[PDB]
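Heads up, the thing below is written out as structure tokens.
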Amino acid sequence: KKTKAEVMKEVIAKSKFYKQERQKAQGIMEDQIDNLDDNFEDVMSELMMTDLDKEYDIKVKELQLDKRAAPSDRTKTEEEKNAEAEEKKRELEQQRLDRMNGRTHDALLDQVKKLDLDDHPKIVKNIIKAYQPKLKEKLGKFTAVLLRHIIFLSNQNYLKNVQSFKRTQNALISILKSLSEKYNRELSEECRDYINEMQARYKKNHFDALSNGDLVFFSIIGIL
Amino acid sequence: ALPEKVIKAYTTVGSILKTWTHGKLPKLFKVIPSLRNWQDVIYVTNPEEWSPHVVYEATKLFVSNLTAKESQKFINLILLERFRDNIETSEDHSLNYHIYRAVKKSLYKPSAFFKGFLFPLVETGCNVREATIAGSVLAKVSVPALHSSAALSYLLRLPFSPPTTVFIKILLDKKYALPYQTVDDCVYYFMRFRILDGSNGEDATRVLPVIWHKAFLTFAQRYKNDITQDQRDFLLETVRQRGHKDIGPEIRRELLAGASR
RNA sequence: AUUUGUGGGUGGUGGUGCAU
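Protein sequences, first through last, are from chains L and H.
In terms of my numbering, the numbers along the first sequence are unbroken and rise by one, the last being 240.
In terms of my numbering, the numbers along the second sequence are unbroken and rise by one, the last being 262.
In structure tokens:
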């Protein structure tokens, strides 16, 4: 009886609520049917038509004037910042253990760099990259240029000694580390195409397709 | 002197809007925004007794079709009074969801609502709960840089008050742009809050609240580089003489990490 | 002449225990 008379008291008062709701909807529908044009005749019959603004106008020039963004955030505790990184270090560690179970063309930029000098052309290119980034597809092309141009230079010369070559070389290493943490799909495409080309060259000529550039290719991808 | 058909249509539309909860709005109400005597039609239809959802819809229609001045006048003369009445006589001082939606729309189109309500709420003396709700709504839906700077300059040039200080605290949480003139206005407000050792007003000896202390702390955390050497020294002096006991450390840290522009 | 591309905040229009 309690599950019936409640169902009775509900739906009765629900339909009572529904009929009342439908009545107001019908009144609004009637308001849009005849009272709508009557309201148009209503407006044709009836008729009904500073200092802070100056301060606002003064603030209007105080809005297009000078500006400086420095909205800092909270303060990171030393242990707290240390722990999250330790957590971040750990998060890739078990993931490793779980893994232990399961600007465009080369010569377009090579001629640009050869005209320059590879002692700081990297830093110059880093600026050129940062410029583009300030404006990711071009960055992927840039990383492709970086890779094949590193291979190119290592193929080209060894006149720069261990204290003239390794400087810009490790600069390229750090640059490509950053661009690896930023971009990975393109890098994989680059390495895969290069290794297929490696095989093709080897197959055409076993020993006559060796490269120091290939050596440093292996080394850099291994430390990457 | 109004027509009988006009009065009957206005009363019927007001009753239909008050009793309406869901569905479509009337075509009379839709063409009211494209009419001249909108304020008179709304007064005849009694929008204070109408539905908050219908009021939010009418405000959106006026902001999307009608003019800015008529929208500001309607927004002030309906929404400010309705929000004040709802805040004063709510069951637990709770704001309506549809009214909050209308206020968010009015903040998204801030060329009208500022001069309609923001100066009017401070002039009418909004309570602590009303000021807190206004600050929360502003922080949820802020406005463009020009409107935010105009509102901040108006609130700073207005006298010291609990609602104005709470509005300043919410604006500092939003962290809008402060030019040289806005930073000068903030420094002048801080100097007026600080005492003057010959003629002094009331804020020189008036106590400052925790809301004002938090507003000063957020302003120091946000616009440290927008204050020069003299302005940073004045801010540090204000935070030492009339600053808080527990916010003095963060205030001095910000005033020393700030750089002259 | 508002909108798109880059980043990023992701919880209290909070309930509650208690004191006065």
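Yeah, the Cβ is synthetic: ideal placement off N, Cα and C, and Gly gets one too.
Taking the CA atoms as reference points, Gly-229(L) sits about 11 Å from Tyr-210(L). In this structure, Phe-168(H) sits near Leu-139(H), with a CB-CB distance shorter than 9 Å. Sequence-ordered contacts of the stretch 165-180 of chain L with chain H are nonexistent [C-beta pairs closer than 9 Å]. Leaving aside the five residues that flank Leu-125(L) on each side, the residues in its chain whose CB is nearer than 8 Å to its CB run, in chain order, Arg-119, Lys-141, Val-161, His-165. Close to chain L, meaning a Cβ-Cβ distance shorter than 7 Å, are the following residues of the stretch 138-155 of chain H: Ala-146, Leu-147, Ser-150, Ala-151, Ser-154, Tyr-155. Nearest C-alpha to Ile-167(L) among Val-232(L), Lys-182(L), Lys-77(L): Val-232(L). Exposure of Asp-231(H) is indicated by the presence of fewer than 16 other C-beta atoms within 10 angstroms of its C-beta. Taking the Cα positions, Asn-171(L) is about 14 Å away from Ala-123(L). Between the alpha carbons of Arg-241(H) and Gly-249(H) lies a gap of roughly 7 Å. The stretch 78-160 of chain L contains, as complete alpha helix (DSSP H) runs of 4+ residues, the segments 94-107, 109-115, 122-131, 137-150 (chain order). Inter-residue distance for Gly-259(H) and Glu-71(L) is about 28 Å (C-alpha atoms, whole angstroms). Here DSSP, grouped into helix, strand and coil, assigns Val-144(H) to coil.
For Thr-13(H), the enclosing alpha helix (DSSP H) covers residues 5-20. Of all residues in the stretch 52-69 of chain L, those with a C-beta nearer than 8 Å to a C-beta of chain H are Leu-52, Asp-54, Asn-55, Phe-56, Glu-57, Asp-58, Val-59, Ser-61, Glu-62, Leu-63, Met-64, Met-65, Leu-68, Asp-69, reading in chain order. For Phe-84(H) and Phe-235(H), the gap between their C-alpha atoms comes out near 39 Å. Taking a beta-carbon distance threshold of 9 Å, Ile-79(H) does not count as an interface residue toward chain L. Of all residues in the stretch 90-108 of chain L, none places a beta-carbon less than 7 Å from a beta-carbon of chain H. Close to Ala-86(L), with beta-carbon spacing below 8 Å, are these residues of chain H in chain order: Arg-223, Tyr-224, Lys-225, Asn-226, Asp-227. The alpha-carbon separation between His-136(L) and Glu-96(L) amounts to approximately 38 Å. The C-alpha of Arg-223(H) lies about 55 Å from the C-alpha of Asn-51(L). Note on geometry: alpha-carbon atoms of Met-65(L) and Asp-41(H) lie some 9 Å from one another. With the rule of 3 Cβ pairs closer than 8 Å, the stretch 196-206 of chain L does not count as touching the stretch 23-31 of chain H. Of the other Cβ atoms in all chains shown, fewer than 16 fall within 10 Å of the Cβ of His-222(L); this residue is therefore exposed. If you check the CB distance, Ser-88(L) and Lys-28(H) do not come in under 9 Å.
Neighbours of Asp-41(H) across chain L, judged by C-beta separation under 9 Å: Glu-62, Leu-63, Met-64.
Taking a Cβ-Cβ cut-off of 9 Å, the neighbours of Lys-83(L) in chain H comprise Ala-146, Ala-178, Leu-179, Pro-180, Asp-227, given in sequence order. In the three-state DSSP reduction, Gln-232(H) falls in the helix class (H, G or I). Selection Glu-62(L), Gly-156(L), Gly-43(L) evaluated against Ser-204(L) yields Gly-156(L) as nearest (Cα-Cα). For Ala-216(L), the enclosing alpha helix (DSSP H) covers residues 201-220.
Among the residues of chain H, those whose CB is under 7 Å from the CB of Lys-40(L) are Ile-17, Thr-20, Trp-21, following chain order.
C-alpha of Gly-238(L) to C-alpha of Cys-207(L): approximately 12 Å in a straight line. Residue environment: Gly-118(L) is assigned as exposed (fewer than 16 neighbouring CB atoms within 10 Å of its CB, all protein chains considered). In this structure, the CA atom of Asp-86(H) is about 15 Å from the CA atom of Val-56(H).
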